[PDB]
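Below is one structure; the comments refer to it alone.
All ligand and atom numbering here is 1-based and tracks the order in the structure. What's counted below: heavy atoms across the whole structure, side chains too, no hydrogens, waters or symmetry copies. Lettering of chains follows the sequences in order, A, B, ..., and the numbering in each one begins at 1.
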Amino acid sequence: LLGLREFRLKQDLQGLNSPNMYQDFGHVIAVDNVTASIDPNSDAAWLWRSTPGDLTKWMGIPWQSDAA
Amino acid sequence: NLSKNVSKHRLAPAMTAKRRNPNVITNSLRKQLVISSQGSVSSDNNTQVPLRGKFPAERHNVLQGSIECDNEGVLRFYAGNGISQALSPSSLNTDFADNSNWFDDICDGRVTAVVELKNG
Amino acid sequence: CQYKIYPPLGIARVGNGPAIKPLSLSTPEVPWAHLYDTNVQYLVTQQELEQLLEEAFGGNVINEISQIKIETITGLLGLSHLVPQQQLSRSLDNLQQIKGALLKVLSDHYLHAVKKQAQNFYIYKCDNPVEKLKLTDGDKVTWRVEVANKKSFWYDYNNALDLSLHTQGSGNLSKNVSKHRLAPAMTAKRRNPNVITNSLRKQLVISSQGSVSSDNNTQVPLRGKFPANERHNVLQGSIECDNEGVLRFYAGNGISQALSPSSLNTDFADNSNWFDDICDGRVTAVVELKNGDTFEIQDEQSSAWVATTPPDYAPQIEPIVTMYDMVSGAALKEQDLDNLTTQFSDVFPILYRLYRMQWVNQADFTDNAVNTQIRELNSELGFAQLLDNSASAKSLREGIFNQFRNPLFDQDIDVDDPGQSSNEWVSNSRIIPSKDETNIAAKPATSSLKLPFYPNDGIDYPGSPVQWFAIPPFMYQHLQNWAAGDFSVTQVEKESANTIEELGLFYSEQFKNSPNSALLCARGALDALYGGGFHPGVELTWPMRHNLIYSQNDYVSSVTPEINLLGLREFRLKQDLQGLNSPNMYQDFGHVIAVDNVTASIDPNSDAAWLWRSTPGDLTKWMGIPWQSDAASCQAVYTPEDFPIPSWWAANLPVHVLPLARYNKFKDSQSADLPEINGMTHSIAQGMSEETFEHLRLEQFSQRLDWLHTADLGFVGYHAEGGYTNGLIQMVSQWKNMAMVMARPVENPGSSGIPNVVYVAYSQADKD
Amino acid sequence: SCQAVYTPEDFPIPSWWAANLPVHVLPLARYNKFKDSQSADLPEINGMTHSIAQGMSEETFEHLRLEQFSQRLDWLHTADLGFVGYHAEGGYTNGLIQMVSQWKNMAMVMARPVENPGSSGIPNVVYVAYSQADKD
Amino acid sequence: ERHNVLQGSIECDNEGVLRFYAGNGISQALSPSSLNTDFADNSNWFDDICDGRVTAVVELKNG
Ligand SMILES: [Mg+2]
Ligand SMILES: [Mg+2]
Ligand code: NA
């Protein structure tokens with residue numbers, strides 16, 4: 001039935017106090033930034049290590065616009 | 001989940017994306033755009049605790065959710081009331097995804113616990 | 001190398017005036033030739049039409065008037081190529097009486113029309129161009145032009161792709177912009193994205209070609225179709241050759257249209273379903289002499305390019321940084337600018353052009369401290385202090401230099417989040433907000449806004465230093481050398497520098513008497529075009545500021561032996577020698593174009609190098625479609641602070657003008673022999689004190705009108721909406737009725753403070 | 001909606017109720033560029049440096065005063081009524097919508113003194129439009 | 001300037017029957033930017049709807 005898995009998100013253990021809580025890539029984000037984030041040693045790898053708000057921040061603001 | 005063909009043959013190139021609310025400049029001031037809250041609950045008291053932030057952080061109260069723990073130790077997490085709003089009434093949300101001057105009560109965050117047994 | 005075509009890049013501007021010499025204009029062949037010429041007529045005049053009718057009568061037309069004393073009459077004056085046959089006949093049919101009747105039909109079609117600015121192309125004989133080709137009996141030259149428009153085929157214009165191109169820096173663009181991510185290049189999607197496959201997208205390209213020779217002066221139309229093979233005929237231009245072998249190229253009539261009337265052009269640059277009649281392409285020739293010697297002028301070192309563009313609505317007002325400056329800057333490396341040598345004549349153009357922007361831009365009339373200091377110096381005949389390179393004048397030069405924005409874009413910034421992915425250079429001067437507002441307090445600016453007060457390549461990014469225009473690195477280097485005292489100037493220049501106007505007239509005389517007509521003509525074709533900001537601009541855009549687009553770009557000489565005036569260059573565009581038949585005529589990069597494609601194009605051996613080897617349509621495909629959308633978006637960009645008002649490209653699309661109505665209320669002196677003086681009755685005008693009379697003159701002189709209001713751009717009428725988008729929509733038909741700026745005399749300004757030459761904007765709406 | 005009603009002819013511009021909802025006003029920014037006389041002992045005179053203001057001829061100085069005095073601004077632009085920003089729409093309807101919040105920020109006209117007009121032609125009492133947007 | 005409007009077409013057969021055809025359904029504004037955004041009253045627009053008067057005369061062989 002497609003199986004059962006044990007999975008956990010990557011988490012920034014400092015949460016709201018993380019130094020990357022307010023990280024971004026400047027005036028634009030682009031695939032080049034995601035390419036750089038693949039390397040866990042890079043200044044972009046924080047993209048994968050969630051702080052609060054990181055899962056839903058991509059979504060439409062406000063959500064009711066996306067729904068309609 | 002995703003074939004290498006999509007990037008390899010450039011079937012749907014990723015676009016660049018500009019900032020939302022781009023008139024707020026400097027990382028320090030853009031922190032005002034983030035709504036955050038936190039709370040704790042334990043099995044010794046089942047009183048519900050609101051998770052309430054501010055936007056910008058008039059200023060509006062934003063109920064991001066609610067948490068309660070029952071005497072068996074199960075955490076129950078409620079989301080917000082579905083209230084979205086703009087800082088000015090005339091700012092309409094005419095875009096499917098990117099509307100400046102708007103906030104909503106969606107959130108996501110970190111869930112941790114500490115078990116304290118009677119023997120210490 | 002025996003013959004070459006000049007100019008290497010010619011420019012012709014659309015207009016609804018006729019494609020005939022007496023009623024058209026010519027692209028500048030000598031820079032600064034007519035900046036104070038108060039006789040200019042850039043709109044078709046009644047007298048020109050009357051005169052055109054005189055030449056159509058003359059000798060043996062009066063003979064024939066007495067002979068059939070009606071298709072006799074209309075066939076004998078070759079006017080059917082100007083006005084269709086019907087109206088000509090019905091004019092006389094219905095009722096010297098002939099002249100008035102024919103004049104009325106010509107007036108209906110052309111009175112006040114925007115004259116076409118046509119480019120003259122010349123063959124020069126080479127020893128290095130010594131002299132124009134001189135045909136003798138039996139010599140002939142044949143010209144060939146092939147042009148295209150690919151705007152509807154090409155990609156959206158979001159911002160200049162080279163803002164993210166890794167570079168060591170040029171004379172035109174600092175490496176800081178890309179290095180510090182000051183204004184990232186955006187990806188851009190296709191225009192008209194619903195027509196898929198390259199074969200079907202070929203239909204989106206308009207193209208045409210034509211040939212003329214010195215044996216027959218008949219004009220030949222360059223007519224394409226859109227879509228290409230209801231189809232629409234598109235007149236891209238017209239060509240003719242005179243008996244001396246000079247080719248004259250006329251642009252189209254300024255007709256832009258959508259395939260469906262309900263498709264409105266609501267975007268500044270990217271409107272699907274639209275075509276316009278702008279074009280560009282390849283100019284070649286063959287010289288054939290008496291003896292049978294034939295000389296092909298086909299290779300990129302000796303052949304030429306033509307591009308058509310929107311009208312210049314203030315031909316005597318030069319952009320502060322021109323397309324020729326881009327050519328000159330493209331040859332320079334940023335890291336070597338400390339080797340540049342500076343004369344005063346290399347910095348005067350910056351001061352002179354900014355000073356003359358007062359006629360087209362309110363901020364440069366009443367909100368520009370440098371222009372006010374120039375006026376102060378002029379008022380005491382003290383301008384020549386600016387030519388003094390000694391220590392006693394250093395604080396004077398520095399005070400002016402320090403007000404200019406540095407194209408390093410590294411001043412008036414705080415480094416935000418150093419060492420983070422969010423590392424950012426944030427301006428602490430005034431920003432230009434996005435229209436998507438956020439009701440959060442702006443951050444107070446701590447640094448004065450630097451000059452000039454115009455938006456720039458990076459406008460999309462609030463807080464980027466690149467939101468605002470800077471003179472390019474090499475021109476800033478000249479100004480910095482001037483400020484430092486490291487510049488030379490001649491004593492005879494000093495003798496002509498008591499006012500800025502006197503020195504400007506002197507420098508104009510130096511251009512006029514420079515003996516290199518070929519190079520002057522190459523420079524003149526480009527010195528009236530904009531060189532920034534490129535968003536996308538007016539005529540051409542950012543590829544022009546890269547040396548990659550030129551197959552040759554060499555400094556040749558100063559304008560005169562002792563006066564450089566920014567110099568004369570021999571340059572040539574890179575050309576695909578197959579023109580319309582190039583296998584790369586219809587090349588693209590797939591669903592989007594991005595800076596990665598430009599990076600791949602730098603290597604001339606790579607698969608993307610075709611980006612720089614121009615085929616017809618490649619210079620103009622980047623620009624807004626239709627161009628009128630871009631023109632109507634090329635005005636003020638308002639900040640929350642009222643003043644100064646930022647303006648985009650005001651030298652060629654004015655923003656605040658001096659209307660004819662105001663001219664007619666200040667041109668007269670109190671002693672004028674006129675029943676009405678400056679809009680007053682003779683008796684009222686002469687009854688007031690002289691002091692009050694001169695005050696009223698200056699008040700009228702000071703009334704500057706939004707150029708968008710010089711025709712009906714959607715704000716006329718009770719509860720009319722006005723606004724940005726209706727201007728874009730209405731400019732498609734109204735571009736031809738917009739105010740045209742022309743120098744005019746004030747015979748006796750007295751002590752009113754009004755200069756003897758003013759620049760007045762003529763339109764039907766603003767005339768009284 | 002109580003402003004200009006533009007005709008095909010540019011001039012005169014018709015205005016509805018301009019004595020109480022002004023249409024073209026003389027902003028504070030301009031007042032501060034003509035209120036001073038040339039001999040004023042200030043490091044800045046009419047928005048010029050002391051040195052530039054006093055180095056120019058008296059005739060030029062008074063001309064600059066009248067030029068500034070003559071710069072009149074659409075009252076609708078004395079606050080952000082929907083036309084501010086890159087590609088802002090502006091126009092009639094946004095004016096209507098934005099006035100609900102912006103009425104309190106519109107320019108307020110107040111009589112102000114010119115202590116020595118000299119020969120400039122500027123009257124001793126001018127009426128000056130104060131708002132945050134138009135103040136400099 | 002000025003547009004031809006085909007309001008209809010008429011033909012008569014040899015029996016004397018008149019057949020009346022309406023126009024082609026072509027509506028247009030004098031400027032392409034004038035959009036017909038109101039259900040009934042749009043200035044600058046024409047259409048090819050029409051109506052009017054039909055008369056005849058019968059001529060017999062006997063005069
Ligand atoms: Mg110009
Ligand atoms: Mg009142
Ligand atoms: Na000295």
Side-chain angles (χ1 to χ4, degrees), chain C residues 11 13-15 25 27-28 31-37 40 42-43 114-115 117 309-325 349 352-361 364 382 384-398 452 454 482 484-489 491 494 524-532 537-540 631 634-635 647-658 707 738-743 759-762, chain D residues 2-3 15-26 75 106-111 127-130:
Chain C
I11 300 294
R13 303 200 177 245
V14 295
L25 310 170
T27 300
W32 292 8
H34 303 99
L35 292 183
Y36 298 98
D37 184 350
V40 290
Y42 304 141
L43 307 182
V114 173
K115 289 180 182 176
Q117 179 188 302
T309 81
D312 185 353
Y313 292 88
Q316 293 158 309
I317 308 301
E318 196 165 61
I320 183 175
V321 176
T322 74
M323 192 49 70
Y324 181 76
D325 299 321
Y352 195 42
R353 293 160 180 175
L354 180 63
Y355 178 77
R356 294 173 50 87
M357 290 288 289
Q358 63 174 287
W359 301 106
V360 294
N361 188 42
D364 294 316
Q385 300 168 249
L386 298 186
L387 283 66
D388 185 343
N389 66 13
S390 72
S392 66
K394 189 173 174 159
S395 76
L396 171 70
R397 311 185 307 268
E398 281 184 331
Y454 319 138
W482 173 67
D486 195 1
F487 70 100
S488 71
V489 70
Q491 181 66 28
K494 288 187 179 196
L526 265 29
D527 249 342
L529 279 57
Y530 255 84
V538 174
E539 296 104 355
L540 301 173
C634 186
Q635 291 285 286
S647 58
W648 266 117
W649 305 288
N652 291 2
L653 290 160
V655 171
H656 309 107
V657 295
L658 188 44
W707 179 78
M738 302 307 294
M740 173 67 64
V741 178
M742 291 178 273
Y759 298 83
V760 182
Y762 284 72
Chain D
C2 187
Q3 290 286 286
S15 58
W16 267 118
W17 308 285
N20 292 3
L21 292 158
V23 178
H24 310 104
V25 301
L26 182 45
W75 179 77
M106 306 303 296
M108 171 71 53
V109 169
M110 284 179 272
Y127 298 83
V128 174
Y130 285 69

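In this structure D:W75 satisfies the ring pair (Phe, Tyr, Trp, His ring centres under 6.0 Å) test with no other residue, sequence neighbours excluded. By the side-chain hydrogen bond (donor to acceptor under 3.5 Å, both in side chains) test, C:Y42 is found to be paired with no residue, residues two or more places apart in sequence or in another chain being considered. Shown here are the side chain to side chain contact (heavy atoms under 4.5 Å, CB included) partners of D:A111, two or more places apart in sequence or in another chain: D:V125, D:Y127.
Within C:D312, OD1 is the N, O or S atom that lies nearest to the Mg ion (ligand 1).
At least one N/O/S atom of C:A314, whether from backbone or side chain, sits less than 2.8 Å from the Mg ion (ligand 1). Under 2.8 Å from the Mg ion (ligand 2) lies an N/O/S atom of D:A19, whether from backbone or side chain. With 2.8 Å as the limit, C:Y313 does not count as an N, O or S neighbour of the Mg ion (ligand 1). When distances to the Mg ion (ligand 1) are checked against a cut-off of 2.8 Å, C:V741 contributes no N, O or S atom below that limit.
With values rounded to the nearest 0.5 angstrom, C:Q117 atom CD is found 6.5 Å from C:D312 atom CG. The structure places CG of C:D37 at 11.5 Å from CE of C:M742, a figure rounded to the nearest 0.5 Å. Residue C:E539 holds its CD atom at 4.0 Å from CZ of C:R13, rounded to the nearest 0.5 Å.
Seen from the Mg ion (ligand 1), atom O of C:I317 and atom OD1 of C:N652 lie 110° apart in angle, a value rounded to 10°.
For the pair C:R353 and C:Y530, the cation does not sit on the ring face, since its NZ or CZ is not both under 6.0 Å from the ring centre and inside 45° of the axis.
Counting heavy atoms from C-beta on, the side chains of C:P311 and C:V14 come closer than 4.5 Å.
Around the Na ion (ligand 3), protein N, O or S atoms at less than 3.0 Å comprise C:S390 OG, C:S392 OG.
With C:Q385 contributing its side chain and C:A393 its backbone, the two residues share no donor-acceptor pair below 3.5 Å.
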